[PDB]
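Notes follow the structure.
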2 protein chains.
Amino acid sequence: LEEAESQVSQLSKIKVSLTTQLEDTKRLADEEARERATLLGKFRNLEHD
Amino acid sequence: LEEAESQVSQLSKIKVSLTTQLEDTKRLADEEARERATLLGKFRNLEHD
């Protein structure tokens with residue numbers, strides 16, 4: 001029971017460390033998806049005229 | 001200890017889940033950024049003529 005909570009107490013950082021690391025890369029993918037619509041939007045008209 | 005062996009398996013499948021997810025979304029973050037450079041590539045190409 002002591003070795004289990006010592007297995008918990010180091011894992012408890014790992015859960016917190018990854019849920020921040022995910023959203024940092026996720027907001028990178030979120031802002032980039034907000035970017036590529038405008039730039040390709042600036043492409044599809046500019047190839048036309 | 002029954003709380004432990006329930007929970008020490010519970011978050012353990014969360015980690016082996018999310019260590020794949022940090023591989024996938026970052027690979028998108030390796031992709032959609034370098035696709036943006038190519039879309040920036042033809043755009044700065046198509047201004048030149």
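Residue numbers start at 1 in each chain; chains themselves are named A, B, ... in the order of the structure tokens; ligands are numbered from 1 in the order shown.
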Superposed chain B (on chain A, all in-order C-alpha pairs) as a compact mmCIF listing (two decimals) with C-alpha atoms, in the first residue's frame:
# COMPACT_ATOMS: atom_id res chain seq x y z
CA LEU B 1 1.82 0.77 0.14
CA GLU B 2 5.27 2.27 -0.30
CA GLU B 3 4.95 1.15 -3.91
CA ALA B 4 1.63 3.00 -3.99
CA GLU B 5 2.63 6.37 -2.50
CA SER B 6 5.61 6.35 -4.82
CA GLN B 7 3.49 5.52 -7.84
CA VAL B 8 0.28 7.36 -6.98
CA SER B 9 2.38 10.50 -6.94
CA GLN B 10 4.28 9.32 -10.02
CA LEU B 11 1.46 9.14 -12.54
CA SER B 12 -0.28 12.04 -10.81
CA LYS B 13 2.33 14.49 -12.00
CA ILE B 14 2.03 12.93 -15.45
CA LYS B 15 -1.65 13.87 -15.61
CA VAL B 16 -1.14 17.46 -14.45
CA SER B 17 1.61 17.58 -17.04
CA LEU B 18 -0.36 16.26 -19.99
CA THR B 19 -3.52 18.24 -19.25
CA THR B 20 -1.45 21.28 -20.11
CA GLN B 21 -0.07 19.57 -23.20
CA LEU B 22 -3.53 18.81 -24.56
CA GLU B 23 -4.21 22.52 -24.11
CA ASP B 24 -1.10 23.61 -26.01
CA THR B 25 -1.06 21.29 -29.02
CA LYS B 26 -4.79 21.64 -29.60
CA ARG B 27 -4.35 25.42 -29.53
CA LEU B 28 -1.80 24.94 -32.29
CA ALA B 29 -4.42 22.74 -33.94
CA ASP B 30 -6.84 25.62 -33.53
CA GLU B 31 -4.26 27.99 -34.99
CA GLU B 32 -2.47 26.34 -37.89
CA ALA B 33 -5.75 25.15 -39.38
CA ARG B 34 -7.26 28.64 -39.32
CA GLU B 35 -4.00 30.04 -40.66
CA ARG B 36 -4.35 27.56 -43.52
CA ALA B 37 -7.75 29.03 -44.36
CA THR B 38 -6.19 32.48 -44.69
CA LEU B 39 -3.39 31.05 -46.80
CA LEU B 40 -6.12 29.34 -48.79
CA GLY B 41 -7.84 32.71 -48.75
CA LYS B 42 -5.18 34.74 -50.53
CA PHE B 43 -4.42 31.84 -52.88
CA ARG B 44 -8.00 31.67 -54.08
CA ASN B 45 -7.90 35.45 -54.07
CA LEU B 46 -4.75 35.56 -56.20
CA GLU B 47 -6.11 33.19 -58.79
CA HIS B 48 -9.06 35.48 -59.38
CA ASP B 49 -7.18 38.36 -60.96
